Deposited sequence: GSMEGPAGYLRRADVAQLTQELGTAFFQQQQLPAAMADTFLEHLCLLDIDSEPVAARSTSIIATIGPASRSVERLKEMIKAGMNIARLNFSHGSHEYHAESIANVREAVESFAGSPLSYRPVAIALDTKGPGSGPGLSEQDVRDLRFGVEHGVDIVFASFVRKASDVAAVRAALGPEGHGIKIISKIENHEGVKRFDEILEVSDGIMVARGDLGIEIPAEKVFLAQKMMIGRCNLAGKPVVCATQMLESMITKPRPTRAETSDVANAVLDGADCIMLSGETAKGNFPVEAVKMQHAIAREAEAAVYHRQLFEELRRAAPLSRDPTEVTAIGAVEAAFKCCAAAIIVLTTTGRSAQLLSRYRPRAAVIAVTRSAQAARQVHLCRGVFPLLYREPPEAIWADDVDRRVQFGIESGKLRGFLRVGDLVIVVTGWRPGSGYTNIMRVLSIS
């Protein structure tokens, strides 16, 4: 069987490793998002279209380099390349725009960061990767600089030094997610300890149900060479096996000679690594560690993920306004793809931060009766699923909806047979 299913049925982690097979082909869609840094090698609209097709989900703008005019042109080219595929709504792929700050240098929040954060809000960025976060008040300062119009922007705190690692719990508590920024971390702490910080932060983010990004030098040699080293493919695979929600490309896409090939390589590795995850242990541990809850979205999410594993569901289709119901399903790491149907273009972009969430932006005319409108969004999730290869006739899907309009009311799970 395909997708490492013989290894998935093993009774121990050791026997699971023994049953991994190079001939067992991945079938599921790639779950881990790829963040590509936009720079001179990846700015053109033509190049960006190839990167979107290769698998890029989030475009990162590094505000340590370039100018506001330079980054505004990069953003416009990304949006032009993304919108060139809007003519086919059943296959359109949203792409998030993330702003990576310069940081505080030797100083609180720098004056350049205040200006760059204002630029981000004015240009409608979806995410901020806040550099050198060392305490909870650093996150509050970034949040205040985003102003009242930036309330919806996700703040991903970059842990880059000893203090950020030691104050991790307080930083995670007030952040939307974390970035393990291994470049600076490997200079701030002994290089041989970075893997411990990475594994600990990934484990704690998985426990909290918050996104974690593994970043820097994942495919470094691909800046000048067409193929990566054996250590680089292993590093990407191990970040996915560790539990990372996203993987990142920096120089490989910003300035390298093979930007599209680097995206394709991360895509190919992530797909193979996701099938090699030992879900039997992972799901059991995530389920046991997740606290008891009286929030109906939290209760519906665990019931839906348990139902999906019971029937080998091809997908969990969820309606979401903010992305929260999809995120609560994602935290249990289902093998079934989480297809998130939303009308919010921003939520569709932001939900790429959560592993295994495939956003579908709903642009069909509204139905007069709310129950009919919900049913047509579910049929849209199914038709997009069929066109993209997620679903076939005869598959079982789990459908997650709410009892009334508006965010916060998810409380229903349904088992549906396709066609």
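Asks: How would you write out the unmodelled ranges of the deposited sequence, numbered from 1?
Replies: No C-alpha coordinates exist for 1-27, 135.
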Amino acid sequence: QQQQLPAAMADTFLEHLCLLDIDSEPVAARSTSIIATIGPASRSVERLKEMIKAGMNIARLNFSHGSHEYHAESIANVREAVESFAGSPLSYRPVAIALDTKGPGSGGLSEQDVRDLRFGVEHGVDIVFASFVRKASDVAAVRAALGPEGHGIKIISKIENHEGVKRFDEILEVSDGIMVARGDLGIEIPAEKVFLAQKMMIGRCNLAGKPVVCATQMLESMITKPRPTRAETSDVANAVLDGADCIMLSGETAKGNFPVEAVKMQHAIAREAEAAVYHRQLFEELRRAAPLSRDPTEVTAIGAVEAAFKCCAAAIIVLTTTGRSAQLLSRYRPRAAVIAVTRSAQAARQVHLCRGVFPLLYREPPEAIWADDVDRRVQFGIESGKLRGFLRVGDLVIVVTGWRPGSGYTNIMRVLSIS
From here on, numbers count along this sequence of modelled residues.
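Between two forms, the rigid core is defined as the largest C-alpha subset superposing within 1.5 Å.
Asks: Find the stretch among 35-43 and 367-375 with the larger RMS C-alpha deviation in 9 other deposited structures of this protein, all structures being superposed on the shown form by the rigid core.
Replies: More C-alpha displacement in 9 other deposited structures of this protein shows up in 367-375.
Asks: Between 151-159 and 90-98, report the one with more C-alpha displacement in 9 other deposited structures of this protein relative to this form after a rigid core superposition.
Replies: Clearly, after the core fit, the stretch farther away in 9 other deposited structures of this protein is 90-98.
Asks: Mean Cα B factor from the PDB record: higher for 29-37, or higher for 62-70?
Replies: Result of the comparison: 62-70.
Asks: Per the entry, where is the mean C-alpha temperature factor higher: 232-240 or 141-149?
Replies: On average, C-alpha B-factors are higher across 141-149.
Asks: So among 209, 296, 183, 256, who wins on Cα B-factor in the entry?
Replies: So the option with the highest C-alpha B-factor is 256.
Asks: Which listed residue, 379, 57, 350, 44, has the largest C-alpha temperature factor in the record?
Replies: Highest C-alpha B-factor among the listed residues goes to 44.
Asks: Sort the modelled residues of this chain by their C-alpha B factor and say whether residue 85 lands in the lowest, middle or highest third.
Replies: As the PDB entry reports it, the C-alpha B-factor of residue 85 lands in the highest third of its chain.
Asks: Of the three thirds of its chain by CA temperature factor, lowest, middle or highest, which one includes residue 310?
Replies: Lowest third.
Asks: With respect to C-alpha B-factor, does residue 260 fall in the lowest, middle or highest third of the chain as deposited?
Replies: Middle third - that is where residue 260 ends up once the chain's C-alpha B-factors are sorted.
Asks: Based on the deposited C-alpha B factors for this chain, I'd like to know if residue 203 is in the lowest, middle or highest third.
Replies: Lowest third of the chain for residue 203's C-alpha B-factor.
Asks: Could you look up the Cα B-factor of residue 117 in the entry and say which third of the chain it sits in: lowest, middle or highest?
Replies: It falls in the top third of the chain.
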